[PDB]
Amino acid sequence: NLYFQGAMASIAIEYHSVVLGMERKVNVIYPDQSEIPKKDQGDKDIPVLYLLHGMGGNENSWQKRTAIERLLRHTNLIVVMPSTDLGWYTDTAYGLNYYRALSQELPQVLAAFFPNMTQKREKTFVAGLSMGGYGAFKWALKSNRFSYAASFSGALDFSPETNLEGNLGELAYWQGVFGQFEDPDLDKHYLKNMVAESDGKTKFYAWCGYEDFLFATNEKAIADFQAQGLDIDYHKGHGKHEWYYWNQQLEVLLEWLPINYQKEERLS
């Protein structure tokens, strides 16, 4: 017609997690064969971005707060939106092994459903905002699964002192996630303590807004990462802890990744 136009496929999966012992939800956007560049048709090695949500969000957050499905509609990229509830992408002290579920089970589930997604590091990426920025860097440092990793307004440094002081949720919550604050192993949850064992083959990007409550956290964390020689680029701009800025950062991410992003025309 001229009236007709493509769309990515939108897939919502509910599956049984053996790790968590419960039904879990994951959303997947999958490229539109009729709209990607000609060369990409039939691909058996499609690149994949895992995009992680913030505290209070879920598998719908990115899709509803950005117009990601519109942005990517001409691009050869699978995007996976997992859920972690309020568990920080962490195996918690109350027995929910969210990190194991994210890092070990989810990729196996997806591969089993979707053999044509890439299994290559050079085509596997992660990013997230807020709690999801912590999750993205944690997963990339520990797993060496990703070529590129990004944090937007991430909680990239913390301590008991900062978590609680009880402006950021109460003690029982934080100790449920990370263990008791007197446990000498608490520090294993600190991203700075995970750099040494990572392989140094992941590119990192971090952003934070000047006005964000986590701006000081990011300044401190990046300084510590840079001291250890992490391959990181850090940027800042005016902004707060809000989804408009996360949308902007998604659009920066899409150009940074090696995905041949087909940016929509904008005449106004």
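Residue positions are given as counts along the sequence shown, with the first one as 1.
Q: For the higher mean C-alpha B factor in the entry, choose 71-79 or 162-170.
A: Averaged over C-alpha atoms, the B-factors run higher in 162-170.
Q: Mean CA B-factor: is it higher for 41-49 or for 24-32?
A: Comparing 41-49 with 24-32, the higher mean C-alpha B-factor belongs to 41-49.
Q: In the PDB entry, which of 242, 199, 211, 59 has its C-alpha at the highest B-factor?
A: Highest CA B-factor of the listed options: 199.
Q: Which third of the chain holds residue 184 when residues are ordered by C-alpha B factor: lowest, middle or highest?
A: Top third by C-alpha B-factor.
Q: What third of the chain, by the recorded C-alpha B-factor, contains residue 134?
A: Residue 134: CA B-factor falls in the lowest third of its chain.
Q: What third of the chain, by the recorded C-alpha B-factor, contains residue 228?
A: CA B-factor rank for residue 228: highest third.
Q: Based on the deposited C-alpha B factors for this chain, I'd like to know if residue 249 is in the lowest, middle or highest third.
A: As the PDB entry reports it, the C-alpha B-factor of residue 249 lands in the lowest third of its chain.
Q: Can you work out whether the C-alpha temperature factor of residue 88 puts it in the lowest, middle or highest third of the chain?
A: Lowest third - that is where residue 88 ends up once the chain's C-alpha B-factors are sorted.
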